[PDB]
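Just the one chain here, laid out as structure tokens, in the form deposited in one PDB entry.
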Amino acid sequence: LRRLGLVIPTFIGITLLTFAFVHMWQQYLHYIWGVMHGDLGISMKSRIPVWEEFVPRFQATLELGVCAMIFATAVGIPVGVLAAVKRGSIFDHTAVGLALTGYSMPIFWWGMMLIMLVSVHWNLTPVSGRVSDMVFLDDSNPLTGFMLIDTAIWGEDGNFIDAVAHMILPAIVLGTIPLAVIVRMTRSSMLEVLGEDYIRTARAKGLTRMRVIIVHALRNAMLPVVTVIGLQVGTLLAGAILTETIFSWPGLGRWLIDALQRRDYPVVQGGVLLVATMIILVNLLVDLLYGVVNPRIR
């Protein structure tokens, strides 16, 4: 398997923990067989196999989770750098202040604020769901289940536009929690770096200040910053329950807590093991990236 070690102790580990947890006995032994043969059982509400029930929505939570990080990073890092280059300035207090105002409102209230301001009052963006309700895909096509890819290849007469305009408020509400972390961590780390001797050498060589920032300082600040990216992708897949409820997203957070309220033991035993597997792949990629940013730890 594509895992560096502890392979069967991991598969047994997340299963016995989740089994134990959700049943709050030989059923454990029986269930392990089934998933080891290659299927995670049948759901108790929808009465369909767990993998056919997991795939269509795991492609809903990744499509938003990645779209939130692209936002969280494209904004988080540049801001987080400037916040350090201009320590104590207006910019410093403004930028980081707004970051923490966006954080300080729990997801319900400020999600409804963006709806009422941007969607209801200003008339800029559609309110909720993946595509406008009265536009549907022809199922005959070999569609993957990522609405952006599906509408990009097979949609008609501006349907891709709609499929993205429905993403941007969900993205902003989810990605503002990571955004806070990014900004605080980028600024924090960068400060620690800007005083070091090799940055003083970079001044002496006659480089432009932007090059000293983005080439010399930034690469030495990136280890805590990629560490928080990896930690936040873990919660954006497993969690997200409250952005999924407000924006009517057909995600995995709803499905997994709803399954636990109906006591569908198969979907809880299965979806949590699966999510563990996908978190390990992201952890091992960021742990591989540590040695790409810093040669001395390879």
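Heads up, when I say rigid core I mean the largest set of C-alphas that superpose within 1.5 Å between the two forms. Numbering starts at 1 and follows the sequence shown.
As for the form deposited in another entry, it is not shown, yet the points below apply to it.
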property	result
Only residue that shifts (Cα, 2 Å or more, rigid core superposed) between this form and the one not shown, among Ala83, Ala99, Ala163, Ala72	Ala99
Displaced residue check between this form and the one not shown: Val55, CA, 2 Å or over, core reference	no
Post core alignment: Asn283 C-alpha displaced by 2 Å or more between this form and the one not shown	no
Core-aligned C-alpha movement of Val120 between this form and the one not shown reaching 2 Å	yes
Cα separation of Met44 and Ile12 in the other entry versus here, shift of 3 Å or more	farther
Change in CA distance between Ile8 and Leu40 in the other entry, which is 3 Å or more, as closer or farther	farther
